[PDB]
Structures are given as structure tokens and as C-alpha cells.
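Every number here is computed from the coordinates shown, using simple stated rules; none is lab data. Every residue, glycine among them, receives a Cβ derived from its backbone with ideal geometry; neighbour counts consider all protein chains shown.
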Amino acid sequence: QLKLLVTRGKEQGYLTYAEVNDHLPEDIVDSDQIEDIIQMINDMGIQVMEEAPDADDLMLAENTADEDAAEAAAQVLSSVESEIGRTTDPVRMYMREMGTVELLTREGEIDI
DNA sequence: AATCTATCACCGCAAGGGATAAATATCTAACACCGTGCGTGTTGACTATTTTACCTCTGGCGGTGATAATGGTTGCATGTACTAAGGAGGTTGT
């Protein structure tokens, strides 16, 4: 399932730690795995959590990657595929696999 | 294993029925003739048997279209009766 978390995080340019339960991957339960896999969620999406800023927004601009070329932008196939429903159809798995591409049409595939 | 008297009857032996085969008379069929016409023969002119050549069919198959069209389908495996196995995880114990 996964796409909800990673897409809304990239739209926001930022993702707070606890929003892993606000936009949950409807798949898995790995709560103690988080404390290292958060690494490649942050070198291309960095954020953390505290009571309140006042003038402090800029942090992303000195601390982040720049092309989303092939990495967690596409190897995330495994982490969206990983829960195909044990007895239920190829007419389901393709819906998880297209968890990659949404609708790059009308100019994005022209840029390809 | 021979003897017979005394059964129920086959012989004892008169009658008469059908049969078949002779002679006759009828039938048909086998043939020998005749006449028809067809498949007896060569020859000849036809036209389209086959071949090859040429000019120009049919169907071999390779090739791929653009005003634009950019989140899909798919219905019923089964409702029962069993129960053996693996899977879970907290814990009260080993």
C-alpha cells in the first residue's frame, strides 16, 4: 500500500516522525526498524519534532539531495509490494506496483 | 450267470392308405437364324492434351496508421464436517 505516506511527505517537502501513523502504510508493523530506515527517508526528505517554531523554516535548503534519480524513488517497489494478499490475484499486485507512477502524462513523458 | 412264468403288452400277420413313377401332355427355354447398330478400322482436320514461352492473375506476407484518445477490471472458490497442523504472543512456569 505505502504510497500515501511517501507522496504526501514529498508534496509537503517535510514529514514529522509521528505522521507514520497519520498516513500509515496499510501493510506492516515494524516500529523498532524505524530508527535506521529513517536515514534514507531523511537524506531526501529531512524533518524532526518539537513544541513550536517562530522563524526557523529554512533547514531543508542546506541538508537534502537534488534529483530523486533511481534510489528510494524506485527501490521503494519492495516496500510497497511486500504484502500481496497471500491467495489473492495478479489483478491486485499491479495496483501496488503502480504505487510508483501516478499520471506523468501530457508533458512528463514528453520530458522522458 | 443261468432258469422261467406271467406281466404289460409287440407282435401276430389282416387290412388299407399314400405314394411315386410310369405315360402322357403340356410348358418353357435354348438355340440358330436374322437384322440392327454400335464402338470394327484408318484416315484426316480439327482444337485446344501437353509442353514451353511470354505477358502480366492470385495471393504470398510484410509492414505498421496519429486532431486526440494516458486509475483498470473482475464477480462469485465457499458457507458443511470433520480435525491436523502451523501460526501467533503473553506469560507462568521449565
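For this structure, a couple of remarks:
- Rounded to the nearest 0.05, the FRET efficiency derived from the C-beta distance between residue A:60 and residue A:98 at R0 = 41 Å is 0.90.
- Couplings 3J(HN,Hα) for the stretch A:56-72, derived from phi with the Karplus relation 6.51 cos²θ - 1.76 cosθ + 1.60 (θ = phi - 60°), are 10, 4, 5, 3, 3, 5, 10, 9, 9, 5, 9, 9, 6, 5, 6, 7, 4 Hz, where x marks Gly and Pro.
- Helix axis angle, A:3-12 relative to chain A longest principal axis, alpha carbon, degrees: 30
- Computed log10 I(q)/I(0) for the stretch A:51-110 at 0.28 Å⁻¹: -1.16, from the Debye equation with unit scatterers placed on every C-alpha and solvent omitted.
- Just so you know, the averaged projected area of the alpha carbon convex hull for chain A sits at 9.3 nm².
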